[PDB]
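What follows is a set of notes on a single structure, which appears directly below.
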Amino acid sequence: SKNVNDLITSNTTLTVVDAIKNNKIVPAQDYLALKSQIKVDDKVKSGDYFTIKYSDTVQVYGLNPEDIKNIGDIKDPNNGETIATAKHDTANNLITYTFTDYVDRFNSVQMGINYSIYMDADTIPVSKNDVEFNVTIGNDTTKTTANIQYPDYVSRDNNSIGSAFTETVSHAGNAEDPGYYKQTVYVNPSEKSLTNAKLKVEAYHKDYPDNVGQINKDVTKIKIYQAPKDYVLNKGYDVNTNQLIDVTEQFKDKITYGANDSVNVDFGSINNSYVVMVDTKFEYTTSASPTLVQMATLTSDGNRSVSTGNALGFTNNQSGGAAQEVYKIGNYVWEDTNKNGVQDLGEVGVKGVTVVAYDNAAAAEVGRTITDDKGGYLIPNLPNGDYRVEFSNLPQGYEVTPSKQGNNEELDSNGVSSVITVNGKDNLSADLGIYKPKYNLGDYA
Ligand SMILES: [Ca+2]
Ligand SMILES: [Ca+2]
Ligand SMILES: [Ca+2]
Ligand SMILES: [Ca+2]
């Protein structure tokens with residue numbers, strides 16, 4: 001219920017990554033690596049939240065807005081538990097993290113983040129040195145800067161053009177909805193006077209026979225905007241359409257679909273620049289290395305034609321999909337001071353206990369480990385199935401607490417040997433509670 005930004009501290013780095021290694025920083029190709037270790041005050045409790053905010057020059061997804069899912073819940077790599085659940089509000093350049101009861105059940109809470117974030121060209125219309133990018137974790141801001149250098153538009157004689165994909169959502173291997181993509185074309189950014197100007201956009205290139213792009217009247221939608229004289233177009237293709245005039249309806253009879261995945265827009269005589277947004281559906285593919293290529297060409301009287309285009313590769317994540325799915329079990333050996341067989345707030349883990357997992361039906365040992373400082377353990381890479389977890393090497397003088405108390409199998413003790421079931425998720429309920437009886441030395445009289 002409370003903002004605890006003031007109760008977290010962090011050690012953070014933000015570094016631009018020249019992904020293509022071409023010694024130029026460009027929002028469409030490059031990104032930012034955010035890394036942080038966050039410490040949370042013990043006063044923090046379940047339902048409290050902290051924020052991560054980021055400057056106007058930063059966004060948390062690139063071409064695929066669905067990629068926002070890559071920045072999610074913060075989890076403990078040592079015991080599998082979720083520490084805080086994440087919720088995005090990109091309109092407010094905000095990520096909010098709400099703590100789970102993890103922070104009630106453990107002290108000395110720490111979290112790590114390792115994110116790839118992106119440059120937002122919205123406020124970077126032109127090439128500019130020392131553009132600042134920053135991120136604010138709780139109340140602590142981290143900054144870095146880069147020199148942004150965009151490519152020139154392409155021109156031949158008085159013809160000029162530029163283009164970029166602005167959005168791509170590929171669902172390769174899916175036949176019913178293969179996904180969609182958008183390309184924006186700048187026509188006549190030089191603002192020359194042209195006559196009989198025509199734009200041709202085509203998902204065709206002789207060097208890329210295997211091409212998932214697709215342009216036809218069935219699947220393609222086109223919007224056209226006119227920019228006023230001297231208007232400075234955004235070089236990152238991040239277009240503020242509210243500032244332009246939507247003239248799509250004046251082109252209704254000027255748009256012609258043609259052969260081999262082409263569409264033609266007849267501009268006639270122009271002297272303004274125009275922004276053409278082409279939205280279309282991917283073709284279905286079984287390729288595993290899908291390639292998209294889409295070219296744009298402007299012709300006009302008395303000038304040589306000029307062509308540009310964009311290509312992108314995709315990674316067919318379905319085909320193969322890393323040998324099915326595996327999950328982890330395990331998670332907690334605690335000192336059950338209560339002796340109630342129930343994990344209570346205030347009780348803590350026991351280090352150095354050996355844990356072994358065997359496949360109940362199959363055969364035997366599928367994993368083994370030892371509890372850490374916090375009593376936590378994990379056994380990774382388990383398929384669905386029934387497992388016998390066995391605890392051993394209890395510390396001298398310790399006794400096993402009553403098994404399966406209460407009606408909550410997540411908060412009880414399993415006993416040194418039990419069977420748990422993995423099915424589509426981690427099973428972290430294989431826990432053991434132990435206690436130390438007072439020393440009972442020698443005889444009594
Ligand atoms: Ca680069
Ligand atoms: Ca207890
Ligand atoms: Ca249990
Ligand atoms: Ca557990």
Side-chain angles (χ1 to χ4, degrees), residues 40 42 45-47 73-85 98-111 326-361 366-395 397-438:
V40 180
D42 295 347
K45 45 274 162 228
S46 199
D73 300 345
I74 300 175
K75 302 212 185 187
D76 184 338
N78 296 340
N79 78 357
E81 283 171 8
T82 301
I83 293 166
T85 59
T98 304
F99 297 100
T100 67
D101 62 15
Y102 182 103
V103 304
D104 299 325
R105 297 171 17 249
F106 299 114
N107 285 324
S108 294
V109 171
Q110 298 198 36
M111 308 179 288
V326 292
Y327 315 92
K328 31 184 179 166
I329 57 178
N331 142 303
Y332 206 30
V333 172
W334 88 102
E335 179 157 347
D336 188 17
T337 311
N338 268 225
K339 307 188 208 283
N340 62 10
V342 174
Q343 303 165 42
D344 299 309
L345 264 24
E347 293 165 346
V348 287
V350 171
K351 178 184 182 183
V353 174
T354 306
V355 188
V356 182
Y358 308 83
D359 197 311
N360 212 216
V366 301
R368 74 160 52 210
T369 188
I370 169 203
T371 53
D372 63 29
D373 303 319
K374 271 189 175 179
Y377 80 97
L378 285 169
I379 301 189
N381 305 311
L382 271 23
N384 297 157
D386 290 5
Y387 299 96
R388 187 169 42 87
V389 178
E390 228 91 3
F391 298 83
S392 59
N393 208 11
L394 303 198
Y398 274 80
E399 220 73 275
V400 184
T401 212
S403 285
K404 305 193 57 183
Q405 298 296 99
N407 292 300
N408 190 178
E409 285 181 346
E410 290 172 352
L411 294 174
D412 70 358
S413 175
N414 279 46
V416 289
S417 177
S418 71
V419 174
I420 65 167
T421 285
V422 174
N423 199 20
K425 45 174 293 190
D426 290 344
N427 188 323
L428 276 21
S429 72
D431 310 313
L432 176 69
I434 58 178
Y435 65 85
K436 178 200 309 165
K438 309 195 279 72

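Indexing begins at 1, ligand by ligand and atom by atom, following the structure's order. We count residues from 1, following the sequence as given.
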Donor + acceptor pair across side chains of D101, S46 (<3.5 Å): no
Any N, O or S atom of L428 closer than 3.0 Å to the Ca ion (ligand 4): yes
Distance below 3.0 Å from the Ca ion (ligand 2): protein N/O/S atoms: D336 OD1, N340 OD1, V342 O, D344 OD2, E347 OE1, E347 OE2
Pairwise side-chain contact, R105 with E81, heavy-atom cut-off 4.5 Å (strictly under): yes
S429 near the Ca ion (ligand 4): N/O/S under 3.0 Å: no
Which atom of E409 approaches the Ca ion (ligand 3) most closely (N/O/S): O
Donor-acceptor side-chain pairing of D344 and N340 below 3.5 angstrom: yes
For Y102, ring-ring contact (aromatic ring centres under 6.0 Å, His included) partners two or more places apart: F106
Test applied, side chain to side chain contact (heavy atoms under 4.5 Å, CB included); reference residue, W334; option that passes from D431, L432, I434, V348: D431
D431 near the Ca ion (ligand 4): N/O/S under 3.0 Å: yes
Stepwise side chain to side chain contact (heavy atoms under 4.5 Å, CB included) check, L378 with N78: CA-CA 7 Å; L378 285 169; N78 296 340; 5.7 Å; no
Metal proximity, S418 vs the Ca ion (ligand 3), N/O/S cut-off 3.0 Å: no
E347 side chain to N338 side chain, donor-acceptor N/O pair below 3.5 angstrom: yes
Polar side chain donor-acceptor pair, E390 to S417, under 3.5 angstrom: yes
Whether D412 has an N, O or S atom under 3.0 Å from the Ca ion (ligand 3): yes
Modelled atom types, side-chain donor and acceptor of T421 and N423, under 3.5 Å: no
